[PDB]
Each structure stands twice: as C-alpha cells, then as structure tokens.
Amino acid sequence: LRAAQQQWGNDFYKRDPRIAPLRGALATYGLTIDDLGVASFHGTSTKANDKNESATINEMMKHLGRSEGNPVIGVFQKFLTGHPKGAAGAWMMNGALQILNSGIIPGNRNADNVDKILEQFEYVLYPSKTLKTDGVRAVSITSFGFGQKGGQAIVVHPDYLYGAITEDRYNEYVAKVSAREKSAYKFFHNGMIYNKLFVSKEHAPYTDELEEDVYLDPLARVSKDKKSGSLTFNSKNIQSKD
Amino acid sequence: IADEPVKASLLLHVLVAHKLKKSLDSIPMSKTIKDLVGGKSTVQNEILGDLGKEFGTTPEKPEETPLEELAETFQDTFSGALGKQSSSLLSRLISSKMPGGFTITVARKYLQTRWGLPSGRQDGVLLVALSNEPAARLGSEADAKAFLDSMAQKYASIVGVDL
Amino acid sequence: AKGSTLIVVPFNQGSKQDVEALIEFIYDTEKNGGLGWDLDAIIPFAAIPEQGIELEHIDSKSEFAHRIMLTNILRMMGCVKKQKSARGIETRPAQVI
Amino acid sequence: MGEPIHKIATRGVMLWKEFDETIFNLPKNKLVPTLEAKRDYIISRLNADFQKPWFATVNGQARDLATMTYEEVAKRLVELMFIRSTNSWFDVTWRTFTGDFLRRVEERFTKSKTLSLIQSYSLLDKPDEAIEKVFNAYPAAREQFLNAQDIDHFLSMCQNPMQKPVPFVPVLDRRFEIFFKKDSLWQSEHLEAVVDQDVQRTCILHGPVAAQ
Amino acid sequence: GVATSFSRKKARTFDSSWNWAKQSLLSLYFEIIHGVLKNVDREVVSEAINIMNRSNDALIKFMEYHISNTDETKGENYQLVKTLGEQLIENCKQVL
Amino acid sequence: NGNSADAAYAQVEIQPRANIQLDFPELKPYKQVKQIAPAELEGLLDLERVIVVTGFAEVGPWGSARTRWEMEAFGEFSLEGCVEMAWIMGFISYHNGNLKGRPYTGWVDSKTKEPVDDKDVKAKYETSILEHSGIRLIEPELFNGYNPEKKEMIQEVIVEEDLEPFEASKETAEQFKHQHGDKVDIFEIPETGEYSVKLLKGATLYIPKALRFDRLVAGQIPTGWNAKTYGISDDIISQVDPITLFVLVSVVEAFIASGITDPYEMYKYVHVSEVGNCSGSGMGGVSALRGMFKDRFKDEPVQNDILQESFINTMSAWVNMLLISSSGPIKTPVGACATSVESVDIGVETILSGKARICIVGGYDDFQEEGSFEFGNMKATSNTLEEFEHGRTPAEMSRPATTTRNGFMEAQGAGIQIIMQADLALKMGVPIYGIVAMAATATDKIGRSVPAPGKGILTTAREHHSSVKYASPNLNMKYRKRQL
Ligand SMILES: NC(=O)c1ccc[n+]([C@@H]2O[C@H](COP(=O)([O-])OP(=O)(O)OC[C@H]3O[C@@H](n4cnc5c(N)ncnc54)[C@H](OP(=O)(O)O)[C@@H]3O)[C@@H](O)[C@H]2O)c1
C-alpha cells in the first residue's frame with residue numbers, strides 16, 4: 001500500500017523529465033508554481049549575492065511559466081538580524097514557518113531604495129513594509145554559502161496535509177495537540193520563572209545492563225516507571241511477543 | 001612566630017580546589033574525587049596524575065576514598081616539601097599575575113617582614129594565594145601586598161594561629 | 001510618481017559653507033560626485049522659532065535666525081546664479097518661492 | 001503542637017490518626033519525599049474521608065493546580081466555599097478570596113487597561129452569574145491551565161493569616177500538616193459547609209468515659 | 001549654529017517608484033479585503049491616484065493577475081476589491 | 001455628603017499582565033480544512049514519506065523566535081514580547097516569598113529587587129532592551145574584552161642592548177635558554193633557588209601593538225543573555241564553547257515549540273535508533289580554536305580538553321549527551337552560509353531512507369575577533385567607517401537589495417527545527433508548522449573564486465520542454481488517484 005501511495009502520491013515525478021523537482025514538490029499537494037507566494041532570500045546585503053539570488057529566482061519562475069504579473073514577494077530577514085553564517089538558513093526557515101502560520105509577510109524596513117538593476121526581474125517584488133495577506137500557501141528558502149554551496153527548500157502551509165486524512169484521524173489529532181499544547185504552556189511558564197526550562201538528563205532511559213538489549217530490539221519502547229515517574233525501558237518490554 | 005611545615009591536608013585541598021577552578025571551601029574535605037568530577041573521565045585521571053607527581057607514591061583506588069582519609073595516608077611520607085607540581089603552580093601564579101618587580105623572593109620577604117611568617121608558613125600562605133588566584137594581574141605593588149595580607153588572614157583562619 | 005526622484009541631504013542653512021557646498025553638489029556632473037541637475041525652482045522655507053524675544057532680548061539666536069531666514073537665502077540665490085552663468089545657462093531661470 | 005485530643009473516631013479522624021503514625025511523625029528531610037511518593041493515596045483519602053478535600057479535583061478526577069483551567073478553579077472555589085442550601089458565602093473572607101482570584105483572571109487575559117467586571121465583591125453573592133460574566137469576557141481562560149505565577153499567587157492567598165483557613169488542601173509540600181490540621185473544630189457545628197454534609201468527614205471532640 | 005552639517009556622501013536618493021507601485025497596490029488590495037478601507041473612505045481614491053501616477057506595463061500586468069484571480073464569492077469585501085480593481089486597471093491603461 | 005457618597009462612584013481598574021503564548025498553529029474544523037486541498041488527496045499520500053516541521057527555535061540578536069518575529073513583523077514589542085526580552089536579558093527575575101515584610105509574588109528588578117508590574121516593564125526597560133539588542137556596536141564584555149577600536153597584535157623586534165635581568169623559576173629559565181640559545185644567560189641565585197634570566201643583544205622579543213579595525217558593529221545576542229537563565233548548570237557552562245549553549249537552549253526551546261517537554265516521550269513511539277541529529281555549523285567552536293592556537297601560545301591557563309570543544313560535530317554531541325540520549329543517525333554538515341538548508345536536505349533524506357523518523361536540523365555559528373577580522377580582509381563584511389561617512393547608524397547597515405548595499409553584517413546564534421514523518425506527528429499529536437516539500441543543494445561550475453555565488457541551484461527547476469503540446473496525465477491528481 002505505502003509503496004503504491006509513494007509511486008502515485010509522493011514520487012510520481014522522480015523519473016519523468018517533463019516535471020521539475022520544484023513543480024512536483026508543490027504538485028504533490030495540488031499546488032502550482034503560481035501558489036509559491038514568498039521567497040525568503042539569503043539577502044546578505046552584498047553586491048554580488050543580492051543580484052545573483054534575484055536572477056536565480058527569476059529564471060526558475062520564468063522556466064516553470066509562473067504567470068506574468070504574479071511575482072514572488074522577497075523577504076530579507078537579515079536587515080534585522082545580520083548574517084549569522086551557519087544559522088542563516090535556520091533563521092530564514094523559522095521566519096518562513098511564522099509567515100505560513102500567520103499570513104503576515106514582514107517588510108525589509110531597510111529597503112530605502114531598491115537597486116535599479118533588480119527592475120529587470122519582473123517575477124520578484126521587494127516590499128519595504130509588512131503585508132497582512134489572506135494567506136501564504138508556500139515559501140521558498142534560498143541559501144548561497146561560500147564554496148559553491150547553494151541550497152533551496154520549499155515549505156508548504158501545513159493545512160494541505162490535513163486534506164489527506166479522514167475526519168476521524170484529524171479530530172483524534174486535534175484533541176491530542178490541544179492537550180499537548182496545554183501541558184507545553186504549563187512547562188514553559190513554570191520553567192521560565194524557576195529558570196529551569198533546560199533540565200539535563202542524569203541517566204539514559206536504560207540502565208547499562210539493558211543498554212545492549214534495548215539497542216538490539218527494534219520494538220523496545222519506554223513506559224512510565226511507577227516509583228520514579230520518569231520514562232525508562234522495562235526488562236518486560238524487551239524481546240516481548242506483545 | 002613558630003615554623004611548622006605545610007600539612008598534606010592543606011596542600012591536597014589546594015591542588016584539588018585549583019584544578020576545578022573552584023574556591024577552597026566550596027569543595028568539602030569529606031568527599032571522594034569520583035563524586036566531584038563524576039561526569040568527566042578525563043579531569044579525574046588528570047587529578048590522579050597530578051597527585052602522583054606532588055606526593056610521589058599513590059595508594060590503590062584513590063578516587064573512591066574521601067580526601068580526609070587520603071590526606072592522612074599521604075601525611076606520614078610527606079615532609080613539608082612543595083615538590084614539583086605545587087612549586088610549578090606558585091611560579092606561574094607569581095609570573096602570570098603580580099606587578100613588575102614582584103618576584104616570589106620579594107613576596108616571601110614581605111610575609112617575613114610584615115606578618116613574621118617563616119619558610120614553612122610562607123609556603124602555606126602562597127598555597128592559599130593559589131586557591132584564590134585573582135584572575136587579573138595585580139596592577140600596583142600596594143594592591144599585591146593587600147592580596148598577600150588577605151591571604152595571610154585566610155591562612156591564619158584555616159591553620160588556627162594569630163597575627 | 002513615475003520619473004520623480006527625492007535626494008535627501010543633511011544641511012544647515014545657517015552655514016555659508018553648507019549653502020555653497022549644497023549648490024556645488026546639485027550642479028556638479030555625476031562623474032565629479034554631483035547630481036548633474038539644473039534647478040527649476042528653489043523653495044527656501046527653513047526657519048527657527050524666536051519666541052518671547054522683544055527688541056531688548058535680541059542676541060545670538062536672533063542674529064543666527066536672521067542668517068538662516070535672510071542672509072543665506074541671498075547667498076543661496078547667489079550660488080545658483082553663479083553656477084548657471086558659469087555654464088552659460090541664460091534660458092532656464094530658477095523660480096525662487 | 002503534638003498535644004493529645006480525644007475525638008470521635010470518624011473516617012476523617014481515623015485518617016488523621018493514620019497520617020500521625022506514617023507522615024507527620026517523620027522528620028523534615030523525609031517528609032517531602034514521602035508526600036510525592038504517596039501523592040495518589042493521600043489525595044484519594046483526603047477526597048473520600050476528610051473534611052478538607054483535595055482542591056484540584058474536577059468531576060471526581062484528581063488533578064494538581066497546574067493541570068486546572070482558571071474556570072475549573074473558580075467553579076471549585078464556589079463548590080467548596082459557597083453554600084447552596086443557605087445561598088451564601090460561609091465566610092466573607094472566602095468571598096474576598098474568590099473575588100481576588102476572578103480579578104487575577106481578568107488581569108492575565110486582558111490585552112489593555114480596563115474596568116473590572118467585578119466592581120464590588122457584593123456581586124459574588126450570586127456566584128455562577130459572576131463566573132459566567134468573567135469567563136464570557138475572557139473565553140481563553142476556560143481552555144488554558146493556570147500560569148505558574150497564578151499558582152504561586154493562589155497558594156499565597158491560602159496562607160493569608162487575616163482570613164479563615166480555606167476548606168481544602170491545595171498542595172502536598174512541607175506545610176501539609178498545617179493545611180491538614182488548622183481550623184478543624186468548626187465543621188461539626190456547620191455540616192452544610194462540609195463536602196457531602198457528611199459528619200464522618202469531621203472532627204468531634206468527646207471523652208471516652210463521658211460517652212457512656 | 002554655523003557648524004557644517006552637509007556632505008555629499010550622506011545624500012540618500014529615492015527613485016525606485018517602479019517597485020513601490022506594486023507594493024502600494026498590494027497593500028490597498030489586502031486593506032480592502034480585511035475591511036480597513038471601505039467604499040466611503042477617501043484613502044481609496046488617494047491610493048488610486050498614486051497608483052495611476054506610477055502606471056507602467058509591469059504594474060498593469062500585476063493588477064490584471066491579482067484582480068482576475070480574486071474569488072468574488074468569498075465575501076462582499078472580495079466583491080468590492082474585484083469591482084474597484086477592474087476600475088483601477090482601466091484607469092491605469094488610460095494614463096499609461 | 002462625605003467620603004461614603006463618592007467612594008462607590010469610582011471604579012476598579014484591571015491592569016494587563018503578560019500571558020506569553022507558545023503560538024501553536026490554529027487547527028481549523030475538518031470541513032474548512034477539506035476545502036483547500038483537492039478531494040482526491042485523501043488516501044493518495046504515504047504519510048511516512050511526508051516531512052513536517054513540528055518545532056523550531058532560535059537564539060539570535062532579538063532573543064527568541066517569538067521576540068524576533070514581533071520585531072521582524074510589527075517593528076515593536078507587545079507586553080508579552082517586552083516581558084520575555086526583559087527576562088532573557090536578565091533585567092527582571094521572578095520572586096515568590098517575603099519582600100520587605102509583605103508576601104510578594106511576581107517580577108522584580110534583578111539588580112535592586114524592587115517589584116516591577118508587567119505594565120511598567122515597557123516604560124522601565126524598553127529603551128535599555130532596544131539599545132542592547134539586534135545589530136549594534138560590538139560590546140567588549142560579550143567577546144572576552146575584544147575591542148575592534150584596539151586590536152592587540154605583537155611585533156618581533158631584535159634586541160639592540162642587553163635587558164636588566166629578571167628572576168624566573170628553574171623550569172621557566174631552562175625554557176628561555178632552550179629557545180634563545182647563546183643569546184640568553186641563566187644563573188642560579190644560591191640564597192633562594194630561583195634563576196636570573198638575562199637576554200643579550202641579538203635576542204628576539206615580541207612587543208604588543210594595537211590596530212584600529214574598521215568593523216565596529218555586529219548582530220550580537222542581547223546583552224545579559226545567560227544560559228543560567230534557561231537552567232544550564234555552571235559545570236556545563238565552564239566546559240563547553242559558548243556556541244554549544246546557543247544550541248542547547250535552541251534545542252530545548254524547539255522541543256517546547258513541539259509540545260515535547262520530556263524528550264524521552266519520543267521513545268514511547270520510536271526506537272532509540274530513529275532520532276537523528278543533522279544540525280551543523282560553518283566554523284564550529286571558534287572560541288576553543290582561539291584557545292588552542294593563540295591562548296596556548298601565550299602560556300595562558302586553557303582547559304586540556306579544549307580541542308574536543310572546537311569540533312563542529314561536538315555541539316550535536318552535547319545535545320545527545322545532555323538531552324536526547326538517542327543512538328540514531330548523526331550527520332553533521334559544514335555548509336558555511338548554507339549549512340542550515342544543507343542540514344534540512346540531510347535531515348529529509350535521512351527520514352525518507354527510514355534511518356530515522358525524527359531529526360533535529362539547523363545551524364549555529366558564533367562571532368569572534370578572528371573571523372570578524374578575516375571577513376574584513378576578504379572585504380565580505382561592510383566597512384563600518386565608510387557606513388558612518390554615509391550617515392548610516394548601526395541598525396540601518398544591513399540593507400539587502402538596496403542601491404548602496406556594500407557587505408554583510410556578521411552575527412551569531414543558532415536556529416533549530418524538529419522534523420519528522422507526518423504519520424508520526426499525527427500519532428504523537430505534535431503541532432505541525434509546515435511541510436518540507438523540497439530540499440536541494442547544488443554546487444556551481446569551474447571557477448577560481450571560492451566566495452563567488454553561482455546559479456547551480458537553478459537546477460531545481462530543470463524541465464524538458466521540447467514536447468509540451470499535450471498536458472501529461474501524471475500532473476493530474478485525478479489520474480494519479482485512479483491508478484492508486
Ligand atoms: N483544652 C482543650 O481541651 C481545647 C479544646 C479545643 C480547642 N482548644 C484551643 O482553642 C484554640 C482553637 O482550636 P483549633 O483546633 O481551631 O486550633 P487552630 O486550628 O490552631 O486555631 C484556629 C486558627 O485559625 C485562624 N482562624 C480561624 N477562623 C478565623 C476567622 N474567621 N478569621 C481569621 N482567622 C481565623 C486563627 O489564626 P490567626 O490567629 O492567625 O487569626 C487561629 O489561630 C487552640 O489554641 C486550642 O489549643 C483547646
């Protein structure tokens with residue numbers, strides 16, 4: 001079943017040379033190149049980078065036949081943070097998920113005057129102030145490291161997942177998240193005021209006598225220990241027929 | 001004042017306190033090595049390697065026995081000599097900190113003249129100085145005298161004498 | 001709007017040297033470091049408030065405000081005239097509001 | 001203070017005697033480790049047998065303060081402190097407690113400086129309508145557990161000395177014996193203010209020999 | 001008072017009206033959808049004037065897309081932005 | 001009419017207190033959420049092969065992902081954001097107990113211990129918060145007294161006339177002798193047992209001198225940030241490189257954003273071998289490198305294990321050793337400015353190969369003196385003295401896509417995401433912030449400039465268009481559902 005859903009659901013394009021990896025990733029969930037709303041740019045503030053990035057996005061969108069007049073909205077998060085090297089994309093990825101979940105597209109408050117050279121790129125738009133949209137269905141994240149490391153990621157609005165499961169699975173999910181979100185808030189505030197958000201583990205969830213037995217059983221799971229209250233591996237739940 | 005060679009109980013306490021970057025009282029005497037550094041397997045064998053040079057002979061399983069016990073086990077053979085590692089540390093303490101012209105000689109001569117402490121007690125004051133490294137560089141001669149003052153009191157308090 | 005430009009420059013209208021420098025900048029070519037313009041209007045609305053200064057309290061602030069609001073407006077018009085007449089421009093007068 | 005008292009041996013007093021033998025005789029170092037170990041047992045006995053039940057107990061299910069919503073707590077205060085039979089607050093101080101807590105709910109869930117919906121605690125003399133009012137203005141406080149700052153505030157409103165001791169045990173900590181034992185004699189004259197009106201929850205002083 | 005402030009290197013230029021036009025349209029488009037600007041606000045007519053004044057081919061295409069792909073059945077606001085939008089496109093084609 | 005007539009006239013004012021939310025994604029009713037996807041999607045996707053983000057965090061110049069978003073999106077803090085920043089920067093602490101006789105429960109100034117109402121926090125601290133956050137002048141106190149206005153170097157000078165003797169130990173003096181050879185004379189002082197060191201004409205000294213460096217600004221973590229404030233112990237803080245503390249906080253703060261307060265909860269659902277770590281760094285622990293290349297040279301007291309704290313893979317090791325305890329994949333990438341996107345590709349391919357089901361991905365990097373100086377000699381960073389000549393304050397120096405852009409604005413921090421199979425996220429009931437539809441890396445082409453950006457990533461749109469008259473049935477979701 002899984003290998004059939006993969007063949008027709010997830011991986012239908014991997015072999016077909018008439019479907020771009022960028023088109024197929026969005027096609028998976030019924031989106032079109034036109035549904036990619038926001039491009040989180042590496043946008044370092046260097047002359048060579050910011051042109052090259054815009055040119056690259058523009059030629060991707062030109063190829064995949066992104067409709068004229070539907071530019072991607074460039075987000076340039078590094079006007080605020082600066083460039084943290086390794087972390088650069090992790091910050092961009094965080095901003096992208098905040099964009100998808102909020103529908104707000106933050107503006108480059110340092111975009112005094114957009115470079116005239118960038119006007120040649122009809123498929124990008126460089127906003128200077130925050131736009132509250134009606135929704136972003138997808139964000140692109142591009143990085144250009146030193147050493148020819150170039151990278152792109154696409155992040156799709158999570159609401160496209162939930163159309164692939166039953167109402168019963170969705171409502172079972174909704175109830176567990178709701179519960180978890182409450183326990184999470186409880187932990188967070190407690191930990192904040194008692195400077196104990198981070199709690200180092202003293203011990204592994206297994207004793208050194210069980211270490212080798214847990215590693216070698218793929219079905220070993222932790223369970224609540226009645227005395228200590230901490231999740232550990234019980235000897236009863238290791239090479240168990242249950 | 002009467003001259004008394006340095007107790008193994010003091011020297012050891014200092015060599016341990018020094019290599020954990022932790023004040024002299026912060027570590028209690030009635031506790032094992034393997035308790036204090038229970039995490040890191042490297043810092044343990046590095047403390048054992050340093051006590052091995054300082055005193056000489058080492059008993060079997062020294063990191064499972066409280067320092068109080070091990071202090072007395074060393075005390076019998078130990079004849080109030082600074083040895084290799086503690087000397088090396090006191091040299092570095094004087095050279096890395098201290099103002100210009102303040103050599104260990106001039107710091108010994110100041111403990112003799114002012115506080116009347118002889119060679120055996122001088123050693124002990126300097127070992128207390130080494131536990132309370134000021135992590136800077138004493139800028140003026142006066143600021144250093146004051147430091148050796150404050151270390152002499154802290155030596156007098158732990159040994160039990162008067163000035 | 002389309003074709004519009006806004007150059008923003010820090011500027012002291014109390015400073016003779018600033019006045020000369022600002023006009024030299026506006027008229028100098030883009031190669032020399034300028035704008036390569038030729039003014040079609042000058043609207044010198046710079047001013048400082050003088051409040052509760054009667055004849056007997058006329059001092060430094062008022063002598064400075066008089067420089068901003070008269071003397072240097074004349075030096076601004078002078079500097080524009082001196083730049084336009086050096087370039088032989090006799091057919092494009094700047095309108096001074 | 002460790003003085004012997006002759007009481008009728010009700011389930012409530014028999015609990016008291018059992019906690020004298022097993023918990024309150026233990027030294028201060030061993031007390032907290034024994035309360036966290038026996039938590040589930042202690043709570044199920046307080047709730048079944050004693051005149052001061054475990055506060056955090058929503059529809060018979062044992063919780064903790066941290067796992068209760070602001071609504072659930074406001075409702076639990078009115079259950080334990082407001083007498084439906086007389087249609088009144090057993091003590092004016094308990095009303096002040098419940099009002100202080102509804103004002104704290106407003107403070108937490110409002111986005112801007114505003115007027116309290118409880119202007120006089122005199123409005124709490126109809127306490128359902130006052131709850132429904134506050135939690136209809138702040139519907140988020142029905143679906144959110146207590147902030148950790150609001151548990152600490154609640155527990156510090158329970159220690160308030162210029163107020164009648166609360167008719168419940170709010171937490172199992174070092175002060176458990178003071179919560180359990182303080183203000184224990186009034187409940188036998190006022191069984192309307194005890195959980196199921198159950199005498200067997202209460203402490204009644206009475207001599208063995210004069211009982212004849 | 002007579003201390004110089006002027007320097008050529010501190011001159012900031014602002015000439016990227018080609019970009020701000022699309023921003024000014026999109027901010028209007030969403031301000032109408034979220035019901036911040038109504039059909040009785042003069043801010044809508046002020047904004048229309050400032051878009052017409054920056055009208056070029058690129059900006060016309062950008063509107064055609066954004067308005068032609070508005071679903072007028074999502075609300076009275078989505079109808080109002082589709083109506084005004086179509087009018088603003090005609091206005092921007094006339095003053096090109 | 002008395003004070004009783006105008007006492008019940010006046011009303012009671014409720015002042016807002018900060019109720020900080022975790023901003024979990026808003027789950028719509030099933031009927032609303034079935035209208036955005038096509039109808040055919042139900043039962044089409046293999047949810048073990050769909051990667052979702054369940055949690056994210058960061059440590060950056062604007063504190064957390066929550067604070068950074070407030071300032072990125074709205075340009076100003078809410079009450080919640082101002083309190084969170086005040087807490088982070090250590091301006092306020094929580095107090096519960098006796099404060100000057102009364103029982104107080106709430107925030108207090110961390111220096112004075114005086115109560116602080118939540119309404120007051122913005123008046124009392126916002127100026128100090130905004131002054132000590134984001135891109136600002138480099139603060140020496142945060143970088144081991146590093147001051148770009150006074151950058152220490154040493155010049156080698158041949159000695160022209162013999163120095164006055166100085167006293168050293170016997171060990172130190174033999175060390176000077178071994179080095180300088182017959183250009184130093186060491187002699188025992190018999191009285192004491194110390195040694196006199198005399199450097200003769202022709203010997204080599206190093207005289208300190210300072211360089212004025214022209215990169216004065218950076219994107220620093222807010223002044224007052226401390227791993228202790230999140231609960232990291234003194235023994236960990238003393239052991240690890242600072243960059244490790246950013247990662248440790250980011251990793252817990254991300255698990256909280258996922259609703260996973262105890263990481264061992266994961267092992268109720270997955271084997272210990274199915275929790276990955278795919279996060280990495282461009283340079284790693286550069287404070288440890290400075291330790292082993294410079295401080296060790298200067299015979300300064302450096303810890304002996306400093307090498308292990310340098311290694312890029314060591315930050316991910318400390319996360320495993322203190323929080324996760326997994327035996328799952330550990331693929332640490334080094335992608336310079338693309339590390340974090342490379343990490344997401346490695347994390348996706350690791351989950352899609354069934355080698356893991358949960359993967360921590362992200363990036364971290366520190367700012368230090370040496371890197372700042374070397375990005376300056378490459379002319380990659382903005383020259384801050386040229387920025388001042390143009391009237392630019394620090395907070396307008398990073399200005400992408402602008403006419404006048406002139407280099408990047410170095411910064412430090414970490415960012416972490418937890419990715420997992422969507423099947424497993426729905427089972428665990430963790431929030432789902434996004435689906436990772438694609439992730440790809442790409443090199444460029446034959447060149448000779450390592451820092452030149454290229455167009456290689458353009459390959460992700462690669463498509464054959466010789467024969468595109470008739471739409472392929474493979475792109476139609478109805479044809480694909482029919483074949484399933
Ligand atoms: N000899 C005997 O046979 C005998 C028999 C029964 C009782 N007693 C004695 O009588 C006293 C009371 O007995 P108990 O069992 O009730 O002891 P208890 O629980 O220790 O005393 C009640 C406490 O509750 C507080 N309190 C109660 N109602 C209050 C209200 N409406 N407003 C404000 N505060 C209130 C008082 O605290 P504050 O002081 O902080 O206001 C008081 O100290 C004890 O001292 C006890 O020794 C003796």
# chains A, B, ... in the order shown; residues from 1 in each chain; ligands from 1

$ select_by_dssp --residues "chain E" --states "helix (DSSP H, G or I)" --output "number ranges by chain"
E: 8-10, 17-33, 43-52, 57-68, 72-74, 76-94

$ residues_around --residues "stretch 42-44 of chain C" --least-positions-apart "5" --cutoff "10 Å" --atoms "only C-alpha atoms" --output "CSV table (one decimal) with N, CA and C atoms, in the first residue's frame"
chain,number,residue,atom,x,y,z
C,13,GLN,N,21.2,75.7,7.0
C,13,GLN,CA,21.1,76.9,6.2
C,13,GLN,C,21.7,78.0,6.9
C,68,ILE,N,19.8,82.5,8.8
C,68,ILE,CA,19.1,81.4,8.1
C,68,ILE,C,18.0,81.9,7.3
C,69,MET,N,17.3,83.0,7.7
C,69,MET,CA,16.0,83.4,7.1
C,69,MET,C,16.1,84.5,6.1
C,70,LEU,N,17.3,85.1,6.0
C,70,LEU,CA,17.5,86.2,5.0
C,70,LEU,C,18.9,86.0,4.5
C,72,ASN,N,21.4,84.1,4.2
C,72,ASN,CA,21.9,82.9,3.5
C,72,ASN,C,20.9,82.5,2.4
C,73,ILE,N,19.6,82.9,2.5
C,73,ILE,CA,18.7,82.7,1.3
C,73,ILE,C,19.3,83.6,0.1
C,76,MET,N,22.2,81.7,-1.2
C,76,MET,CA,21.7,80.5,-1.9
C,76,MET,C,21.3,80.9,-3.3
C,77,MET,N,20.7,82.0,-3.5
C,77,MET,CA,20.3,82.6,-4.8
C,77,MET,C,21.5,83.0,-5.5
C,80,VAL,N,23.4,79.9,-6.9
C,80,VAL,CA,22.6,79.3,-8.1
C,80,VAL,C,22.9,80.2,-9.3
C,94,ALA,N,15.6,79.6,-12.6
C,94,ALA,CA,15.1,79.0,-11.3
C,94,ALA,C,14.1,79.9,-10.7
C,95,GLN,N,12.9,79.4,-10.4
C,95,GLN,CA,11.9,80.3,-9.8
C,95,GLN,C,12.0,80.3,-8.3
C,96,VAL,N,12.3,81.4,-7.6
C,96,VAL,CA,12.5,81.4,-6.1
C,96,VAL,C,11.2,81.7,-5.4
C,97,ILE,N,10.6,80.8,-4.7
C,97,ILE,CA,9.4,81.0,-3.9
C,97,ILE,C,9.7,81.5,-2.6

$ interface_residues --of "chain E" --to "chain C" --cutoff "12 Å" --atoms "only C-alpha atoms" --output "PyMOL selection string"
chain E and resi 1-21+24+47+49-56+59+95-96

$ residues_around --residues "stretch 77-79 of chain E" --least-positions-apart "3" --cutoff "6 Å" --atoms "only C-alpha atoms" --output "list in words"
residues 33, 72 and 82 of chain E

$ residues_around --residues "stretch 86-101 of chain B" --least-positions-apart "6" --cutoff "8 Å" --atoms "only C-alpha atoms" --output "JSON, numbers by chain"
{"B": [15, 54, 126, 127, 130, 133, 134, 135, 136, 137, 138, 139, 140, 141, 144], "F": [168, 169, 171]}

$ residues_around --residues "residue B:49" --least-positions-apart "2" --cutoff "12 Å" --atoms "only C-alpha atoms" --output "list in words"
residues 15, 16, 19, 42, 43, 44, 45, 46, 47, 51, 52, 53, 54, 55, 56, 57, 58, 62, 63 and 85 of chain B

$ residues_near_ligand --ligand "ligand 1" --cutoff "7 Å" --atoms "only C-alpha atoms and all ligand atoms" --output "list in words"
residues 161, 162, 163, 164, 165, 181, 182, 183, 184 and 185 of chain D

$ interface_residues --of "chain A" --to "chain E" --cutoff "6 Å" --atoms "only C-alpha atoms" --output "ChimeraX atom specification"
/A:69,113-114,127,133

$ write_last_selection --atoms "C-alpha atoms" --output "CSV table (one decimal), in the first residue's frame"
chain,number,residue,atom,x,y,z
A,69,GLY,CA,2.2,39.8,-13.0
A,113,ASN,CA,15.7,52.4,-2.4
A,114,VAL,CA,15.7,49.1,-4.4
A,127,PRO,CA,8.4,45.2,-0.2
A,133,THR,CA,-2.3,38.8,3.4

$ atom_distance --atom1 "atom CA of residue A:137" --atom2 "atom CA of residue A:35"
6.1 Å

$ select_by_dssp --residues "chain C" --states "strand (DSSP E)" --output "PyMOL selection string"
chain C and resi 6-8+41-42+95-96

$ write_last_selection --atoms "N, CA and C atoms" --output "PDB file, in the first residue's frame"
ATOM      1  N   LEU C   6      13.794  61.775  -5.163  1.00  0.00           N
ATOM      2  CA  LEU C   6      13.919  62.534  -3.909  1.00  0.00           C
ATOM      3  C   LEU C   6      15.318  62.322  -3.381  1.00  0.00           C
ATOM      4  N   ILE C   7      16.180  63.305  -3.480  1.00  0.00           N
ATOM      5  CA  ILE C   7      17.520  63.290  -2.836  1.00  0.00           C
ATOM      6  C   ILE C   7      17.364  63.933  -1.484  1.00  0.00           C
ATOM      7  N   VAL C   8      17.769  63.303  -0.401  1.00  0.00           N
ATOM      8  CA  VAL C   8      17.694  63.879   0.966  1.00  0.00           C
ATOM      9  C   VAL C   8      19.111  64.179   1.447  1.00  0.00           C
ATOM     10  N   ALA C  41      13.415  75.492  -9.615  1.00  0.00           N
ATOM     11  CA  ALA C  41      12.684  76.145  -8.510  1.00  0.00           C
ATOM     12  C   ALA C  41      13.465  76.025  -7.237  1.00  0.00           C
ATOM     13  N   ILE C  42      13.378  77.015  -6.391  1.00  0.00           N
ATOM     14  CA  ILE C  42      14.040  76.994  -5.071  1.00  0.00           C
ATOM     15  C   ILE C  42      12.993  77.435  -4.081  1.00  0.00           C
ATOM     16  N   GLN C  95      12.873  79.445 -10.403  1.00  0.00           N
ATOM     17  CA  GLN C  95      11.853  80.293  -9.762  1.00  0.00           C
ATOM     18  C   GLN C  95      12.033  80.259  -8.251  1.00  0.00           C
ATOM     19  N   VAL C  96      12.313  81.366  -7.589  1.00  0.00           N
ATOM     20  CA  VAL C  96      12.522  81.400  -6.115  1.00  0.00           C
ATOM     21  C   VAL C  96      11.210  81.708  -5.398  1.00  0.00           C
TER      22      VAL C  96
END

$ interface_residues --of "chain A" --to "chain D" --cutoff "10 Å" --atoms "only C-alpha atoms" --output "MDAnalysis selection string"
chainID A and resid 178:179 181:183 185:194 226:229

$ interface_residues --of "chain F" --to "chain E" --cutoff "7 Å" --atoms "only C-alpha atoms" --output "list in words"
residues 389, 390 and 391 of chain F

$ residues_around --residues "stretch 106-113 of chain B" --least-positions-apart "3" --cutoff "8 Å" --atoms "only C-alpha atoms" --output "CSV table (one decimal) with C-alpha atoms, in the first residue's frame"
chain,number,residue,atom,x,y,z
B,102,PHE,CA,57.2,41.4,42.5
B,103,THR,CA,59.0,38.2,42.4
B,116,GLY,CA,56.6,37.4,60.8
B,117,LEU,CA,55.8,34.1,58.9
B,118,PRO,CA,58.8,31.8,58.2
B,119,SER,CA,59.6,29.4,55.2
B,122,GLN,CA,55.2,31.2,53.7
B,145,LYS,CA,50.6,43.5,49.4
B,148,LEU,CA,49.2,38.7,50.4
